[PDB]
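Just the one chain here, laid out as structure tokens, in the form deposited in one PDB entry.
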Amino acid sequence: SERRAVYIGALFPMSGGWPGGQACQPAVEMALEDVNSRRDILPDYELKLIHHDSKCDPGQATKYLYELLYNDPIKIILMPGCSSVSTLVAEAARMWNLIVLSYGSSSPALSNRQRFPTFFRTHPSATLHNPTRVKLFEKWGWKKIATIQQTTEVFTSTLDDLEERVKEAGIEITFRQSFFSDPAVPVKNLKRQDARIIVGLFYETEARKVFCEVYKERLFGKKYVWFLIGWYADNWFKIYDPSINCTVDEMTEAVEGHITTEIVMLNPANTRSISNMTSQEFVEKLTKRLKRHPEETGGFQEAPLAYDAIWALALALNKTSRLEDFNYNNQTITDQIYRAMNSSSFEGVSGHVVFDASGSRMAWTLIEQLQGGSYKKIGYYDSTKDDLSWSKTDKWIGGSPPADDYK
């Protein structure tokens, strides 16, 4: 007769490096309203949220993790956003027999099961860009690839995965270059070694520095193809930076024809998911809940992953259901949830939701190409099913893609 309250311990980055909590806290709040109103999901239970602002800071998050664990009520799951907060909470979690579900962590290191035994994420690993990269090399028949990176853990781990994935396809990494903050030397070294197909892994500020150096060394044109990350701001190369020698037109020349990969966070199809909402309905409903405009709201693109994380949890809790008897000293309930979370298969607002053996989300990637100082959607790739959605919109100098070597 009485619905028992079951609690989620969440952490939302309202500020810091990735202030994703701005759109992810309301998206979670919407998902809890939708799950609790559905009598076919958890009829005997009411899913409740207890949350804190991590400020995208592990030190700050350490204070709140204590607050979540050392105060009543007992929480059945932990929900962090930032990769640094997730590395802290997902490693600690085993001591309290807690499942950890992240809605925003892209760090490849979080795919380690020995270290993060109860970890799941509706956000894919930064390594999800690699199967799409290998497939694009296979499509355009390239077996020799160059790689330039900014010295960060995420980019190092992404390249380490790229290595083992190219070997599987009969492709080899010719030259590997790196920089901490200044990229003149690896760019100079790329012209030196006559590198043609180049995968560049760096943040937006460093991308600008890379591309100004790319200009000077004339590392752009018919001979050159750049593989970059698709989540920079629109017209990132057009953005004014005092540390930049180059001009907007100069940068526009250097960037032309480069390929980007990005995770699909919102289903491009007009279909209805488990919530019975469409992609556009979710976006409309979420905009109404926001104090500021979507463009001024951190983590607006990631918001569907936060929404679907609640559904993944609700569906897992539904597959199990003795939820009130959960204790930090006992594994029994945890183990059943893990099994239910492992076997997740449903349609969310972000698309089909499935986790690999590491607890990492499997999703579509959107392939784009910079055609005339603007990105054009050249395709989509599904890693699990080896399905490449190809649109005849890719454009190259002369009429076709260049080769990896001398020819």
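When you see a residue number, it is the position in the sequence shown, counting from 1.
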Hey, how big is the hole between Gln280 and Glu281 in terms of deposited residues without coordinates: none, 1 to 3, 4 to 9, or 10 or more? none
If you average the CA temperature factors as listed in the entry, which stretch comes out higher, 378-386 or 339-347? 378-386
The stretch carrying the higher mean Cα B factor in the deposited entry, 138-146 or 263-271, is 138-146
Most elevated Cα B-factor in the entry, residues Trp311, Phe211, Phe116, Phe300: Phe211
Name the one of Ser111, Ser178, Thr122, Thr158 with the greatest CA B-factor according to the PDB entry. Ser178
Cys82 - which third its CA temperature factor falls in, relative to the rest of the chain: lowest
Among all modelled residues of this chain, ranked by Cα B factor, put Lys223 in the bottom, middle or top third, i.e. lowest, middle or highest. highest
Among all modelled residues of this chain, ranked by Cα B factor, put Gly104 in the bottom, middle or top third, i.e. lowest, middle or highest. lowest
For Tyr232, does the deposited CA B-factor place it in the lowest, middle or highest third of the chain? lowest
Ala403, C-alpha B-factor rank within chain (lowest, middle or highest third): highest
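Another form, the form deposited in another entry, is not on view; read the next lines as being about it.
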Looking at how the chain moves between the shown form and the other one, with two rigid parts pivoting, which one of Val264, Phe180, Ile244, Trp231 falls at the hinge? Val264
Using the form shown as baseline, tell whether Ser86 and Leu201 are closer or farther in Cα-Cα distance in that other deposited form, where the change reaches 3 Å or more. closer
Can you tell whether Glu153 sits closer to or farther from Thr87 in that other deposited form than it does here, judged by CA atoms, where the change is 3 Å or more? closer
